[PDB]
Every structure is written in structure tokens, then in C-alpha cells.
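First residue of the sequence shown? That's 1 in the authors' numbering, and the numbers climb one at a time after it.
Ideal Cβ positions, reconstructed from N, Cα and C, are used throughout, including at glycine.
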Amino acid sequence: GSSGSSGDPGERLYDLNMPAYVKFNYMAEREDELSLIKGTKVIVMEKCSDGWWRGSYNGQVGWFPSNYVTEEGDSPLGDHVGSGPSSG
């Protein structure tokens, strides 16, 4: 008894909102791509298994190479984090 919706390997991960750190300034050319800056922080929203990531920078949004950024991560000071990973 199950619901066969995605009969394929892997999964689509989006709306993550994971804070990343631009280790290398990326130069975008297409409106779809985003220009990253070494020494800043972005917010990853989507992730393409291939390797390309999709986040925001200063209100902007586009595609950028994850190899340039790094998952900095930030924990909520005070009470242990909770909202996010939902499982049973």
C-alpha cells in the first residue's frame, strides 16, 4: 500500500534556505545566473544534483556553482533548532 508518484532515483530539493559562503567570486552572464562575490554569504534555495545551485544575493536570485560557495550553516542561539527537517 503506497502512492507511486516519483518512480525514479534521487529527489528534488528546493526552498532549502541554506546559508552559503561565497569562497570565490562568480561572474554571471545570463539573467538566470547569479554573480557571487568572494567574502559574502548567500541563501541557497534550490540544488541541482548535477552540481549547480540556486540561491539569492542581496535580494537577487539566480544559478551559481556550489563549488564556489560553501554551506556555512547557522544554528539558533538559545533553543535547539527544530523547524525544518520533518520526519517520523
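Query	Result
DSSP-derived helix/strand/coil call for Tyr21	strand
Alpha-carbon to alpha-carbon, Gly62 and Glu31	7 Å
Length at least 3, wholly inside the segment 17-76: the beta strand (DSSP E) runs in chain order	18-22, 40-47, 52-57, 60-65, 69-71
Check whether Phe64 and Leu16 have beta carbons under 8 Å apart	no
Check whether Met27 and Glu71 have beta carbons under 8 Å apart	no
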